[PDB]
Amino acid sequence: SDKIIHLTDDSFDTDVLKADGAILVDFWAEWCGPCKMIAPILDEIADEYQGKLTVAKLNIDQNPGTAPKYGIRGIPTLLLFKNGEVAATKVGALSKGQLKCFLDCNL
């Protein structure tokens, strides 16, 4: 969890929208079982992809406003930004194999 950027509604424009290169933003909440299931998987990808992209999470309990500006309907939802614009999204829980499948396709 040391390799994962903590986002807030206020920090978002700077950390994501203005970042150069690729960011994988994880929308999640403590009440979200399937969001917690993929947290470890996300830590390994921060690891293995450390030279390719940044991983970020935004808690929707404590930050209610950013997700609607993206039409996100419930969590987990992963958004891949490239230079502050969404390139692709993946809704629902997934496995390690499915997550790197998703990444290896847009990097």
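A residue's number is simply how far along the shown sequence it sits, counting from 1.
**Q** Mean Cα B factor from the PDB record: higher for 86-94, or higher for 13-21?
**A** Result: 13-21.
**Q** As stated in the PDB record, which stretch has the larger average Cα B-factor, 67-75 or 22-30?
**A** Comparing 67-75 with 22-30, the higher average CA B-factor belongs to 67-75.
**Q** What third of its chain's C-alpha B-factors does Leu53 belong to: lowest, middle or highest?
**A** Ranked within chain, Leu53 CA B lands in the middle tercile.
**Q** Using the B-factor values recorded in the entry, state whether the Cα atom of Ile45 falls in the lowest, middle or highest third among the modelled residues of its chain.
**A** Its C-alpha B-factor belongs to the middle third of this chain's values.
**Q** Per the entry's values, where does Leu80 land by CA temperature factor relative to the rest of its chain, in the lowest, middle or highest third?
**A** Within its chain, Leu80 is a lowest-third residue by C-alpha B-factor, going by the deposited values.
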